[PDB]
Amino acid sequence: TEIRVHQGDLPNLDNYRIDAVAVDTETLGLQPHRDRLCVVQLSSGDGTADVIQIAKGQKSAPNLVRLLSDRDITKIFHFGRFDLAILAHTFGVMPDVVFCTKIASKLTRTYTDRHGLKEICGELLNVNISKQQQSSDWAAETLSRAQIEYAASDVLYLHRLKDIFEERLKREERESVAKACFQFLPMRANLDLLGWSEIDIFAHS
């Protein structure tokens, strides 16, 4: 499987003149103010991925950020709440056109409580995601082949999952519900950055 590794940014957008792009991130942890963005992964859905190493202190990634800003391109995430927060914190741009397979799973796979990407890929695609490298030093100057393959696996299948989840949202008549959740998701990520990451803002208490 072809995985193109880059330093800093995509060299150009020639592989991303598309309606929808799969996006994922790797970091030194779950706390965007402490744990820096280390990797950004992209896939056009053609079975290949781009794995972009983000340097410490890196302030710009113009080609990546152009995609994230392009309202004509849907950014597909799994649990985009996290990715949106670290991407916006790092480069100062919050995408506003998104699809999230974890929210989609919670709205459609009502017959299970397991909504992780590994579980979804196994059930919907018979694809095995290995999570061995999930907790690894993503800030390493040189990523191992296993790290690169894990990072790519998080974006290689999101188009196919989105297709299936769109079928399920239509079947159960929840398209407008999913759309409103996706519309709010960038602000949910902003709330996390602003200090409400532990607070369900809609809860009674």
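Numbers for residues come from their place in the sequence shown, where the first is 1.
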Give the stretch, out of 103-111 and 67-75, with the larger mean C-alpha temperature factor in the deposited entry.
-> 67-75
Would you determine, from the values in the PDB entry, which of 142-150 and 175-183 has the greater average C-alpha temperature factor?
-> 142-150
Assert third(CA B-factor, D24) within chain per record equals lowest
By its CA B factor, does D14 count among the lowest, middle or highest third of the modelled residues in the chain?
-> highest
Please place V39 in the lowest, middle or highest third of its chain by C-alpha B factor as given in the entry.
-> lowest
Going by what the PDB entry lists, where does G57 fall on CA B-factor within its chain: lowest, middle or highest third?
-> highest
On the chain's distribution of Cα B-factors, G122 falls within the third called middle
